[PDB]
Each structure stands twice: as structure tokens, then as C-alpha cells.
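Q: What follows is a structure written as C-alpha cells; I'll ask about it next.
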Amino acid sequence: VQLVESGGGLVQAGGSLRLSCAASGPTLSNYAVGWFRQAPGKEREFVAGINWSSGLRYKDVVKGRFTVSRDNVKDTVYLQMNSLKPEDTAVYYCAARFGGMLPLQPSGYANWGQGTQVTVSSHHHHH
Amino acid sequence: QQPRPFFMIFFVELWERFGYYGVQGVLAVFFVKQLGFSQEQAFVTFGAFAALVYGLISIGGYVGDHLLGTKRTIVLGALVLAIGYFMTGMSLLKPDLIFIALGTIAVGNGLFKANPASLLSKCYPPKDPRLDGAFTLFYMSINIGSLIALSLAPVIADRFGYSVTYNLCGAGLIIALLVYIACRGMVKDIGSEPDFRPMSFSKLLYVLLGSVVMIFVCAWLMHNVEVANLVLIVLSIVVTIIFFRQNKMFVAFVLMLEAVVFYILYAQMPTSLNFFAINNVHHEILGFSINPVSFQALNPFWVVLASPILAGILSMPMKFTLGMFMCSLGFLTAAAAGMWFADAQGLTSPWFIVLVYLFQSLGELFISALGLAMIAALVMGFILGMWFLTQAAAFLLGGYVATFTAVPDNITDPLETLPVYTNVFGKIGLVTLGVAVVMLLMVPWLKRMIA
Ligand SMILES: CCCCCCCCCCCCO[C@@H]1O[C@H](CO)[C@@H](O[C@H]2O[C@H](CO)[C@@H](O)[C@H](O)[C@H]2O)[C@H](O)[C@H]1O
Ligand SMILES: CCCCCCCCCCCC
Ligand SMILES: CCCCCCCCCC
Ligand SMILES: CCCCCCCC
Ligand SMILES: CCCCCC
């Protein structure tokens with residue numbers, strides 16, 4: 001019912017980060033876990049999710065870059081983000097809904113983490 | 001208001017029903033999540049389970065009346081039931097046990113179910129006017145137990161796991177048994193005839209042997225629902241032939257077919273309507289987050305509120321017709337909620353499911369409660385047998401009907417599942433409206449035949 005996100009931070013364009021979401025008393029295993037993100041000046045949007053039986057859903061612009069997965073023993077859900085781009089910068093939230101559905105909007109989910117800042121810098125090394 | 005044994009029977013029934021509905025409410029989700037069935041497998045397996053639970057109720061009246069006595073059979077039923085719950089709890093250590101455990105609940109329920117009501121009718125002098133009110137309070141007992149279990153068991157199974165849920169079902173039966181033993185002094189002159197002779201060990205052993213054999217037969221049938229389908233098909237065609245060989249009887253036959261349709265629809269609450277709530281309904285009502293599996297508790301809720309009112313408010317054919325129209329509207333309401341009142345994300349307001357369950361509960365109050373009590377006026381043993389047989393067939397058919405709404409495990413979009421639900425619920429509603437109309441058309445002929 002309370003999700004704790006870890007793993008955010010600052011990275012350069014083309015790098016990788018891994019978010020993780022864990023729950024407390026309820027077993028996350030009965031829950032579809034959706035990752036949302038809010039960039040400066042915009043609304044929370046659905047990024048990626050896994051339902052309670054390994055079905056996956058993705059926003060178009062992160063396909064082939066992000067992977068959601070679930071470790072049902074550690075009761076954790078992960079978001080691996082590769083080839084990060086500056087426009088991936090946002091506060092990322094995990095959200096949990098009982099069952100097999102991953103609805104696109106925040107109102108489909110009742111339990112929410114606090115959010116982790118992800119910043120992607122156009123930083124590259126000097127040539 | 002009532003004799004002292006009434007309160008004992010009231011609380012024993014409450015706790016037994018709590019254990020049973022503790023299992024019913026979580027069972028389909030247990031099949032899907034814990035055993036990895038697809039929704040289709042889980043729905044037909046639940047149908048087979050419920051078919052056995054309901055078809056076996058006939059055994060317990062016979063055993064209580066003629067072999068062991070009502071009170072002894074209450075004790076034996078409660079013990080077999082408790083063992084079955086603790087066995088279901090143990091199936092989480094030993095998965096291969098699950099079907100044997102469910103068989104034990106089924107046989108246990110078969111021995112137990114008919115006997116508290118029989119006991120209750122012997123607490124009152126024969127034409128005491130308090131009888132009707134006491135039986136209404138008995139129905140409310142059942143639904144208070146059901147309401148508590150359907151509300152809390154999903155929450156418990158999510159926070160603490162299934163072993164705990166099923167062991168608390170076990171514990172509910174144990175405290176029912178403790179309440180009965182503590183209050184035994186109240187029913188010393190109440191019972192059926194074998195209750196007052198010494199117990200026959202020959203017949204007790206015959207009952208135990210038959211019980212164990214049935215536990216194994218149930219386990220087999222639930223594991224192979226196709227042979228169970230054909231068993232009930234040949235049994236139904238055959239018992240129908242032997243009923244059509246041997247006027248007030250033909251009335252009971254049409255009323256039985258209509259009861260069959262009703263129970264096909266009632267069978268949807270733990271299966272297709274349950275996963276409809278999970279998949280396509282907002283999990284928040286009046287500002288509170290809930291477990292969507294708990295929505296099943298809306299059926300006993302509306303019964304508990306409505307059974308006083310409707311007790312304090314033509315005759316049998318029209319009461320059946322009315323119940324059928326209510327059930328039709330419940331499914332048409334679910335369909336309309338999905339076709340026209342869903343969000344862009346594919347989710348519907350929980351108030352529509354509140355209304356669906358209201359209609360369904362009213363249908364229950366008009367039909368299933370008022371069914372065999374005026375089939376007991378149209379008539380015996382063969383008809384009671386066939387009644388439970390057709391009820392079991394209805395639960396098997398209900399599981400098969402539920403499979404039309406089954407969602408593959410990889411689907412995650414509510415806009416993909418919403419039209420499947422709305423097509424199936426709309427067609428159920430329209431067929432049931434047609435059946436209610438043909439029922440209405442036949443009400444005058446039926447009333448004349450009853451006269
Ligand atoms: C429609 C009938 C509803 C029946 C009412 C349910 C009984 C109340 C539960 C017991 C006490 C409350 O205990 C708890 O309350 C919170 C918020 O209230 C709810 O919510 C939490 O748990 C459930 C499952 O366990 C999750 O699906 C839910 O998303 C989560 O946020 C649950 O319902 C209950 O786990
Ligand atoms: C009140 C007397 C109860 C006696 C219980 C006898 C149980 C016999 C067990 C036979 C095992 C198959
Ligand atoms: C009480 C009897 C327990 C039987 C369990 C059978 C499961 C065997 C798993 C190999
Ligand atoms: C009231 C005594 C009933 C005995 C039945 C128990 C058989 C194991
Ligand atoms: C009594 C109707 C049975 C239908 C089986 C397909």
C-alpha cells in the first residue's frame with residue numbers, strides 16, 4: 001500500500017539507470033505496477049508497466065530502450081532504462097493496481113510511491 | 001423474541017457460512033495466481049467445485065433424518081468441513097493436495113448444509129407464528145457470515161497469504177463447533193428420531209466410507225471437468241427420461257428449468273463478474289481504496305438490507321417471473337455501464353457494480369429463497385434429488401458461460417477487455433429477459449394448474 005522507489009539520479013545521454021519499486025505489507029505479486037513520469041511543466045504520463053502475470057505495456061517513445069521486469073522472490077519491480085535521452089528527465093513514480101490491467105491514466109491506480117528524480121544530461125566528453 | 005436454541009443455530013450457521021465464503025471469494029483468484037491456471041481453466045474448475053458443493057446437499061438431509069440424527073450430523077459435517085479448510089491451507093505446502101481438499105469441503109458441506117435449518121424448525125411448536133421471522137433471521141445469519149467473509153478474506157489473503165486465510169476458515173468452523181457443544185444443553189429434546197436412540201456404528205462407518213469415496217470422486221471430477229460435464233449430461237438426460245415417464249409435477253419441471261437459468265447467472269458472481277470488477281472497474285468508492293475481489297460482498301450486503309423489507313411486504317409463478325426480470329436487469333446494467341459509461345482508459349464507476357449486485361440480490365430474494373419451499377407444495381425424494389442434480393448442472397453450465405469472458409494473462413489494456421465483458425453480459429441480459437417474458441406469458445396456466 002506504500003511503495004518505496006529507489007535508484008534515481010543523474011546520468012549522461014546514452015547511459016543507463018535502474019529504478020526499483022518495493023511494497024510494505026501487501027505482496028506486490030497481486031499488483032500490476034505501472035511507472036509514470038512527470039517532466040517539468042507537464043502531466044504524469046504512463047511509461048511502462050508489468051501486470052500480475054508478466055504482461056507488459058510500454059509508451060511508444062521508450063520501446064526498445066526501457067524494460068520492466070519483476071523479481072517475485074524479492075517482491076520487487078524494476079525499470080531498466082538504457083539509451084537515456086535528455087527528454088527522459090522527470091520525476092518517476094511507481095503505482096500499483098490490483099490485477100492484470102495497466103490503465104494509462106493515474107486515476108487507474110490507488111497506491112503510489114513518492115517519486116524519484118531522474119536527470120539526463122546532454123553531457124558528452126570533449127573531443 | 002425467539003427460543004434460546006434459535007440463537008445457537010443462528011451463530012453456528014453464521015460461522016460455517018463464514019468459512020465457506022472465505023473460500024468462495026478467493027478461489028478463482030487462487031487458481032489463477034497461485035496455481036497458474038488460465039482464466040478459462042479457473043472458471044470451469046470453479047464451476048465443477050460449486051456443482052459438487054450444491055449437488056451433494058441432498059445427502060446430508062438423508063443422513064441427518066434417517067442414519068445418524070440431525071445433531072450428530074451437524075457435528076460430523078462441521079468436523080469434515082474444518083478438516084477440509086485446514087487441508088486447503090496445507091495445499092500451499094503440498095500443492096498436489098488441493099483437489100482432495102476441495103472435495104473434502106464439498107462432501108463436508110453436503111453433510112452439513114440441510115441440518116441446521118431442520119434443527120431450527122423443531123425449536124418451535126408446529127404452527128407457531130414466529131416461524132417465518134425466524135427463518136428470515138436464519139437467511140440473514142447466512143448472509144452476515146457471507147458478507148464478513150467476502151469482505152475480509154481477499155484483504156487477508158493479500159496481506160498475509162492463502163494459508164492464513166484458509167486456516168481462519170478452519171478456525172471459523174472450529175468456533176462454530178465450540179458454540180454448538182457449549183450450547184448442547186439447549187437442544188436435548190430437539191432432533192430427528194435417530195438422535196434419541198444410541199448411535200449405530202454400522203451406519204456411522206457406512207457414512208464415513210461413503211464420504212471418503214466421495215471426497216476422492218469429487219477430486220477426480222474437479223481435475224477432469226470434461227468427464228464431469230458428460231456425467232451430468234447423461235445423468236440429466238436419464239433422470240429427465242425417468243421423470244417424463246413417471247400436472248402439479250409438470251409445473252415443478254418448468255419451475256426447475258427457470259431455477260436452472262437463475263443459478264447459471266448466480267454462478268457468475270465469483271467468476272466473470274469478479275474479474276470484470278478486477279479489470280474494468282475503478283477500485284475506489286466513496287474515497288476508500290478496496291480490494292476488487294471484495295466487491296463480491298455486495299450480494300450478501302443487499303440481501304441483509306433487503307430481506308427484512310421484502311419479508312414485510314401472482315404468488316409463486318409471478319415471484320419467479322419478477323426475480324428473473326431483476327436478474328436480467330443486473331446483467332443489462334453491467335453491459336450498459338461498459339458500452340456507454342466508461343472512461344477513456346476503459347474503466348467504469350463502481351456505482352454501476354453496486355447496482356448490478358442490487359438487481360442480482362433482489363432476483364435471489366424472489367427466486368432461490370422461495371424455490372423448493374413451494375416445490376414442497378407442488379409435490380418427493382426423487383424430485384429433491386433431481387432438484388440438486390439440475391442445480392449442479394447449472395453451476396457447471398455457469399462455469400462454461402463464464403469462460404466467454406476469460407482474458408489471456410498477457411492482456412493489460414482495459415479497452416481490450418471491456419468489449420468482451422459487454423458482449424457477454426449484454427447477451428446474457430437479453431436471453432434472460434426473453435426467458436422472463438416467456439415465464440410471464442405462462443403465469444396464468446401455471447396458477448391454474450397449482451389450483
Ligand atoms: C465493496 C465492499 C468493500 C468491502 C470493504 C472492505 C473491508 C475493509 C478492509 C479491512 C480494513 C481495511 O483494510 C485495508 O483498507 C485499505 C484502505 O481502506 C484497502 O486497500 C489496500 O488493500 C487492498 C487489498 O488488501 C488493495 O487492493 C488496495 O489497493 C490497497 O490500497 C483494503 O480494503 C484493506 O486492505
Ligand atoms: C460419540 C461417539 C463417537 C465415536 C467415534 C467413532 C469413530 C470410528 C472411527 C472409524 C475409522 C474408519
Ligand atoms: C494429509 C495428506 C497430505 C497429502 C499431500 C500429497 C501431496 C504430495 C506432493 C508430492
Ligand atoms: C455428537 C457425536 C457425533 C460423533 C460423530 C463423530 C465421528 C468422527
Ligand atoms: C439444458 C441446456 C444444456 C446446454 C448444454 C450445451
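Residue numbers start at 1 in each chain; chains themselves are named A, B, ... in the order of the C-alpha cells; ligands are numbered from 1 in the order shown.
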Once you count only C-alpha atoms, what closest atom pair and distance in Å to one decimal does each residue of chain B within 6 Å of chain A have, with rows by chain and rising residue number, as a tab-separated table?
A:
```
residue	atom	partner	partner_atom	distance
B:158	CA	A:26	CA	5.8
B:159	CA	A:26	CA	4.7
B:279	CA	A:101	CA	5.6
B:345	CA	A:103	CA	5.9
B:409	CA	A:53	CA	5.9
B:410	CA	A:55	CA	4.0
B:412	CA	A:101	CA	4.4
B:413	CA	A:101	CA	5.8
```
Q: How would you write, as JSON, numbers by chain, the set of residues no farther than 10 Å from ligand 1 when counting only C-alpha atoms and all ligand atoms?
A: {"A": [1, 2, 25, 26, 27, 28, 30, 31, 96, 97, 98, 99, 109, 110, 111, 112], "B": [147, 148, 149, 150, 151, 152, 153, 154, 155, 156, 157, 158, 159, 160, 278, 283, 284, 285, 287, 288, 289, 290, 291, 292, 293, 294, 295, 296, 297, 298, 299, 301, 350, 351, 353, 354]}
Q: Deliver the residues from the most recent selection as a file, using C-alpha atoms, as a PDB file, in the first residue's frame.
A:
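Output contents, as saved in out.pdb:
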```
ATOM      1  CA  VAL A   1       0.000   0.000   0.000  1.00  0.00           C
ATOM      2  CA  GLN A   2       3.105   2.121   0.434  1.00  0.00           C
ATOM      3  CA  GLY A  25       2.611  -5.165   3.989  1.00  0.00           C
ATOM      4  CA  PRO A  26       0.706  -6.095   0.802  1.00  0.00           C
ATOM      5  CA  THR A  27       2.524  -8.544  -1.506  1.00  0.00           C
ATOM      6  CA  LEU A  28       3.330  -6.700  -4.729  1.00  0.00           C
ATOM      7  CA  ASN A  30      -1.027  -9.428  -6.802  1.00  0.00           C
ATOM      8  CA  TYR A  31      -0.424  -5.993  -8.412  1.00  0.00           C
ATOM      9  CA  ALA A  96       0.119  -0.291  -8.101  1.00  0.00           C
ATOM     10  CA  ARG A  97      -3.290  -1.601  -9.193  1.00  0.00           C
ATOM     11  CA  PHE A  98      -4.695  -4.969  -8.122  1.00  0.00           C
ATOM     12  CA  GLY A  99      -4.836  -7.432 -11.019  1.00  0.00           C
ATOM     13  CA  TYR A 109      -4.033   3.264  -9.602  1.00  0.00           C
ATOM     14  CA  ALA A 110      -4.572   3.664  -5.875  1.00  0.00           C
ATOM     15  CA  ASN A 111      -1.107   3.134  -4.371  1.00  0.00           C
ATOM     16  CA  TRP A 112       1.763   5.484  -5.210  1.00  0.00           C
TER      17      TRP A 112
ATOM     18  CA  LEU B 147     -20.671 -10.536   3.968  1.00  0.00           C
ATOM     19  CA  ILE B 148     -17.897 -10.666   6.539  1.00  0.00           C
ATOM     20  CA  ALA B 149     -16.001 -13.388   4.656  1.00  0.00           C
ATOM     21  CA  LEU B 150     -16.360 -11.906   1.160  1.00  0.00           C
ATOM     22  CA  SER B 151     -15.297  -8.501   2.513  1.00  0.00           C
ATOM     23  CA  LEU B 152     -12.290  -9.559   4.572  1.00  0.00           C
ATOM     24  CA  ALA B 153     -10.908 -12.807   3.111  1.00  0.00           C
ATOM     25  CA  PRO B 154      -9.425 -11.095  -0.016  1.00  0.00           C
ATOM     26  CA  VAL B 155      -7.787  -8.438   2.171  1.00  0.00           C
ATOM     27  CA  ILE B 156      -6.428 -11.182   4.436  1.00  0.00           C
ATOM     28  CA  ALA B 157      -5.173 -13.264   1.531  1.00  0.00           C
ATOM     29  CA  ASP B 158      -3.358 -10.234   0.095  1.00  0.00           C
ATOM     30  CA  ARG B 159      -1.759  -9.088   3.384  1.00  0.00           C
ATOM     31  CA  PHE B 160      -0.963 -12.496   4.952  1.00  0.00           C
ATOM     32  CA  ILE B 278     -10.795  -6.530 -11.252  1.00  0.00           C
ATOM     33  CA  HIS B 283     -11.017   0.234  -7.244  1.00  0.00           C
ATOM     34  CA  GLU B 284     -12.163   3.228  -5.173  1.00  0.00           C
ATOM     35  CA  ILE B 285     -15.585   4.008  -3.744  1.00  0.00           C
ATOM     36  CA  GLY B 287     -12.866   7.867  -1.320  1.00  0.00           C
ATOM     37  CA  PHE B 288     -11.718   4.460   0.001  1.00  0.00           C
ATOM     38  CA  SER B 289      -9.394   2.060  -1.786  1.00  0.00           C
ATOM     39  CA  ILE B 290     -10.694  -1.506  -1.728  1.00  0.00           C
ATOM     40  CA  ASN B 291      -9.688  -4.922  -2.984  1.00  0.00           C
ATOM     41  CA  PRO B 292     -11.865  -5.502  -6.097  1.00  0.00           C
ATOM     42  CA  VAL B 293     -12.340  -9.176  -5.077  1.00  0.00           C
ATOM     43  CA  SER B 294     -14.255  -7.774  -2.079  1.00  0.00           C
ATOM     44  CA  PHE B 295     -16.929  -6.437  -4.472  1.00  0.00           C
ATOM     45  CA  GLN B 296     -18.473  -9.937  -4.215  1.00  0.00           C
ATOM     46  CA  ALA B 297     -19.636  -8.885  -0.720  1.00  0.00           C
ATOM     47  CA  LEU B 298     -22.224  -6.618  -2.331  1.00  0.00           C
ATOM     48  CA  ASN B 299     -24.517  -9.635  -2.838  1.00  0.00           C
ATOM     49  CA  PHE B 301     -24.904  -6.812   1.708  1.00  0.00           C
ATOM     50  CA  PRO B 350     -18.122   1.158  -9.017  1.00  0.00           C
ATOM     51  CA  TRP B 351     -21.685   2.523  -8.524  1.00  0.00           C
ATOM     52  CA  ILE B 353     -21.459  -2.662  -9.960  1.00  0.00           C
ATOM     53  CA  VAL B 354     -23.356  -1.662  -6.790  1.00  0.00           C
TER      54      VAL B 354
END
```
Q: Could the residues that lie within 8 Å of ligand 5, counting only C-alpha atoms and all ligand atoms, be listed as a list in words?
A: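 The residues near ligand 5 are residues 233, 257 and 397 of chain B.
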Q: Pull C-alpha atoms from the residues just selected and write them as a PDB file, in the first residue's frame.
A:
```pdb
ATOM      1  CA  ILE B 233     -25.281 -34.657 -19.169  1.00  0.00           C
ATOM      2  CA  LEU B 257     -35.723 -25.101 -15.654  1.00  0.00           C
ATOM      3  CA  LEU B 397     -23.054 -24.520 -17.229  1.00  0.00           C
TER       4      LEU B 397
END
```
Q: Assign secondary structure with DSSP using the backbone only, and return the residues of segment 84-123 of chain A in helix (DSSP H, G or I) as a count of residues only.
A: 6
Q: With only C-alpha atoms and all ligand atoms counted, collect every polymer residue having an atom within 12 Å of ligand 3; state the result as a ChimeraX atom specification.
A: /B:83-101,104
Q: What's around residue 259 of chain B at 10 Å? Count only C-alpha atoms, leave out sequence neighbours fewer than 2 positions away in its own chain, and write the answer as a PyMOL selection string.
A: chain B and resi 253-257+261-265+320+324+367-368+371-372+387+390-391+394
Q: Would you export the selected residues with N, CA and C atoms as a PDB file, in the first residue's frame, please?
A:
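Now in again31.pdb:
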```pdb
ATOM      1  N   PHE B 253     -41.448 -28.993 -13.008  1.00  0.00           N
ATOM      2  CA  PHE B 253     -40.404 -29.126 -14.020  1.00  0.00           C
ATOM      3  C   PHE B 253     -40.094 -27.789 -14.697  1.00  0.00           C
ATOM      4  N   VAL B 254     -41.124 -27.022 -15.068  1.00  0.00           N
ATOM      5  CA  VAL B 254     -40.832 -25.722 -15.681  1.00  0.00           C
ATOM      6  C   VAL B 254     -40.181 -24.780 -14.665  1.00  0.00           C
ATOM      7  N   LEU B 255     -40.647 -24.811 -13.410  1.00  0.00           N
ATOM      8  CA  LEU B 255     -40.024 -24.001 -12.368  1.00  0.00           C
ATOM      9  C   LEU B 255     -38.587 -24.433 -12.105  1.00  0.00           C
ATOM     10  N   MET B 256     -38.281 -25.718 -12.314  1.00  0.00           N
ATOM     11  CA  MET B 256     -36.908 -26.174 -12.179  1.00  0.00           C
ATOM     12  C   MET B 256     -36.033 -25.641 -13.303  1.00  0.00           C
ATOM     13  N   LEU B 257     -36.507 -25.688 -14.557  1.00  0.00           N
ATOM     14  CA  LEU B 257     -35.723 -25.101 -15.654  1.00  0.00           C
ATOM     15  C   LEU B 257     -35.447 -23.611 -15.412  1.00  0.00           C
ATOM     16  N   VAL B 261     -31.696 -21.540 -14.994  1.00  0.00           N
ATOM     17  CA  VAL B 261     -31.238 -20.271 -15.573  1.00  0.00           C
ATOM     18  C   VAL B 261     -30.782 -19.313 -14.472  1.00  0.00           C
ATOM     19  N   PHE B 262     -31.572 -19.213 -13.403  1.00  0.00           N
ATOM     20  CA  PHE B 262     -31.155 -18.335 -12.323  1.00  0.00           C
ATOM     21  C   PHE B 262     -29.771 -18.722 -11.787  1.00  0.00           C
ATOM     22  N   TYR B 263     -29.510 -20.024 -11.628  1.00  0.00           N
ATOM     23  CA  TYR B 263     -28.255 -20.402 -10.995  1.00  0.00           C
ATOM     24  C   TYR B 263     -27.085 -20.288 -11.957  1.00  0.00           C
ATOM     25  N   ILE B 264     -27.327 -20.471 -13.255  1.00  0.00           N
ATOM     26  CA  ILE B 264     -26.321 -20.119 -14.251  1.00  0.00           C
ATOM     27  C   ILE B 264     -25.856 -18.680 -14.044  1.00  0.00           C
ATOM     28  N   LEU B 265     -26.801 -17.762 -13.812  1.00  0.00           N
ATOM     29  CA  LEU B 265     -26.444 -16.351 -13.621  1.00  0.00           C
ATOM     30  C   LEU B 265     -25.764 -16.106 -12.281  1.00  0.00           C
ATOM     31  N   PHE B 320     -41.344 -15.767  -9.174  1.00  0.00           N
ATOM     32  CA  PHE B 320     -40.266 -16.261 -10.027  1.00  0.00           C
ATOM     33  C   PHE B 320     -40.048 -15.354 -11.234  1.00  0.00           C
ATOM     34  N   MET B 324     -36.632 -13.227 -12.150  1.00  0.00           N
ATOM     35  CA  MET B 324     -35.953 -13.338 -13.435  1.00  0.00           C
ATOM     36  C   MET B 324     -35.790 -11.978 -14.118  1.00  0.00           C
ATOM     37  N   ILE B 367     -36.415 -15.652  -6.024  1.00  0.00           N
ATOM     38  CA  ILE B 367     -36.339 -16.987  -6.624  1.00  0.00           C
ATOM     39  C   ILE B 367     -35.758 -18.007  -5.654  1.00  0.00           C
ATOM     40  N   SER B 368     -34.432 -17.971  -5.450  1.00  0.00           N
ATOM     41  CA  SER B 368     -33.747 -19.088  -4.799  1.00  0.00           C
ATOM     42  C   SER B 368     -34.252 -19.304  -3.374  1.00  0.00           C
ATOM     43  N   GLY B 371     -37.917 -21.081  -3.548  1.00  0.00           N
ATOM     44  CA  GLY B 371     -37.982 -22.061  -4.613  1.00  0.00           C
ATOM     45  C   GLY B 371     -38.530 -23.401  -4.181  1.00  0.00           C
ATOM     46  N   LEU B 372     -37.701 -24.181  -3.487  1.00  0.00           N
ATOM     47  CA  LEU B 372     -38.086 -25.522  -3.070  1.00  0.00           C
ATOM     48  C   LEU B 372     -39.132 -25.526  -1.960  1.00  0.00           C
ATOM     49  N   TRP B 387     -33.679 -32.030  -8.223  1.00  0.00           N
ATOM     50  CA  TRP B 387     -33.515 -30.609  -7.969  1.00  0.00           C
ATOM     51  C   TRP B 387     -32.051 -30.270  -7.739  1.00  0.00           C
ATOM     52  N   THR B 390     -30.046 -30.771 -11.047  1.00  0.00           N
ATOM     53  CA  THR B 390     -30.135 -29.687 -12.018  1.00  0.00           C
ATOM     54  C   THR B 390     -29.442 -28.428 -11.504  1.00  0.00           C
ATOM     55  N   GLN B 391     -29.428 -28.222 -10.192  1.00  0.00           N
ATOM     56  CA  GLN B 391     -28.660 -27.122  -9.622  1.00  0.00           C
ATOM     57  C   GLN B 391     -27.155 -27.292  -9.894  1.00  0.00           C
ATOM     58  N   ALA B 394     -26.454 -26.569 -13.412  1.00  0.00           N
ATOM     59  CA  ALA B 394     -26.459 -25.129 -13.624  1.00  0.00           C
ATOM     60  C   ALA B 394     -25.110 -24.514 -13.267  1.00  0.00           C
TER      61      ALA B 394
END
```
Q: Report as a tab-separated table (two decimals) with N, CA and C atoms, in the first residue's frame which protein, DNA and RNA residues come within 10 Å of ligand 4, using only C-alpha atoms and all ligand atoms.
A:
```
chain	number	residue	atom	x	y	z
B	68	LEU	N	-27.99	-40.98	11.22
B	68	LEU	CA	-27.25	-40.61	12.41
B	68	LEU	C	-27.97	-39.63	13.31
B	69	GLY	N	-29.00	-38.95	12.81
B	69	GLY	CA	-29.58	-37.91	13.63
B	69	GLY	C	-29.05	-36.53	13.25
B	70	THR	N	-29.94	-35.54	13.34
B	70	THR	CA	-29.64	-34.17	12.93
B	70	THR	C	-28.46	-33.60	13.70
B	71	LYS	N	-28.46	-33.74	15.03
B	71	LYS	CA	-27.43	-33.08	15.83
B	71	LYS	C	-26.05	-33.72	15.61
B	72	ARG	N	-26.02	-35.05	15.56
B	72	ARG	CA	-24.77	-35.76	15.30
B	72	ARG	C	-24.25	-35.45	13.90
B	73	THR	N	-25.15	-35.25	12.95
B	73	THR	CA	-24.72	-34.95	11.60
B	73	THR	C	-24.24	-33.50	11.49
B	74	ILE	N	-24.78	-32.58	12.29
B	74	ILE	CA	-24.19	-31.25	12.38
B	74	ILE	C	-22.74	-31.35	12.86
B	75	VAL	N	-22.51	-32.14	13.91
B	75	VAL	CA	-21.15	-32.31	14.43
B	75	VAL	C	-20.23	-32.90	13.36
B	76	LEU	N	-20.67	-33.97	12.71
B	76	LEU	CA	-19.83	-34.63	11.72
B	76	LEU	C	-19.54	-33.73	10.52
B	77	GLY	N	-20.57	-33.04	10.02
B	77	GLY	CA	-20.35	-32.09	8.94
B	77	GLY	C	-19.35	-31.03	9.32
B	78	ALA	N	-19.51	-30.45	10.52
B	78	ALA	CA	-18.61	-29.37	10.91
B	78	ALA	C	-17.17	-29.85	11.00
B	79	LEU	N	-16.96	-31.10	11.46
B	79	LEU	CA	-15.60	-31.64	11.57
B	79	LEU	C	-15.00	-31.90	10.20
B	80	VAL	N	-15.77	-32.50	9.28
B	80	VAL	CA	-15.24	-32.73	7.94
B	80	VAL	C	-14.92	-31.40	7.26
B	181	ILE	N	-21.25	-27.18	20.91
B	181	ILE	CA	-21.01	-28.03	22.07
B	181	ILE	C	-21.32	-27.30	23.37
B	184	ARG	N	-25.14	-27.32	23.85
B	184	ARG	CA	-25.84	-28.57	23.58
B	184	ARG	C	-27.02	-28.77	24.52
B	195	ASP	N	-31.54	-39.26	16.56
B	195	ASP	CA	-30.86	-38.50	17.61
B	195	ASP	C	-31.11	-39.04	19.01
B	199	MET	N	-26.20	-44.31	19.05
B	199	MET	CA	-25.64	-44.17	17.71
B	199	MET	C	-25.26	-45.52	17.13
B	201	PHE	N	-23.03	-47.74	15.02
B	201	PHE	CA	-21.68	-47.69	14.48
B	201	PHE	C	-21.61	-48.28	13.08
B	204	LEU	N	-22.63	-45.25	11.04
B	204	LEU	CA	-21.55	-44.27	11.08
B	204	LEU	C	-20.40	-44.68	10.16
B	205	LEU	N	-20.02	-45.96	10.19
B	205	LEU	CA	-18.94	-46.43	9.33
B	205	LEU	C	-19.34	-46.38	7.86
B	207	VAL	N	-21.32	-44.20	6.58
B	207	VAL	CA	-21.28	-42.79	6.21
B	207	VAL	C	-19.84	-42.34	5.98
B	208	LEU	N	-18.92	-42.73	6.88
B	208	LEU	CA	-17.50	-42.39	6.70
B	208	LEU	C	-16.94	-42.99	5.41
```
Q: Mind pulling up the distance from atom CA of residue 15 of chain A to atom CA of residue 83 of chain A?
A: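 The value is 5.5 Å.
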Q: How many Å separate atom CA of residue 18 of chain B from atom CA of residue 364 of chain B?
A: 19.0 Å
Q: Find, counting only C-alpha atoms, the residue in B:321, B:126, B:344, B:358 that gets nearest to residue 442 of chain B.
A: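 Distance minimum relative to residue 442 of chain B lands on B:321.
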Q: Find the distance between atom CA of residue 211 of chain B and atom CA of residue 14 of chain B and write it in Å to one decimal.
A: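 Here the two named atoms are 24.1 Å from each other.
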Q: Pick out each residue of segment 15-123 of chain A that DSSP on the backbone tags as strand (DSSP E); I need them as a ChimeraX atom specification.
A: /A:17-23,31-38,45-50,56-58,66-71,76-81,90-98,111-112,116-121
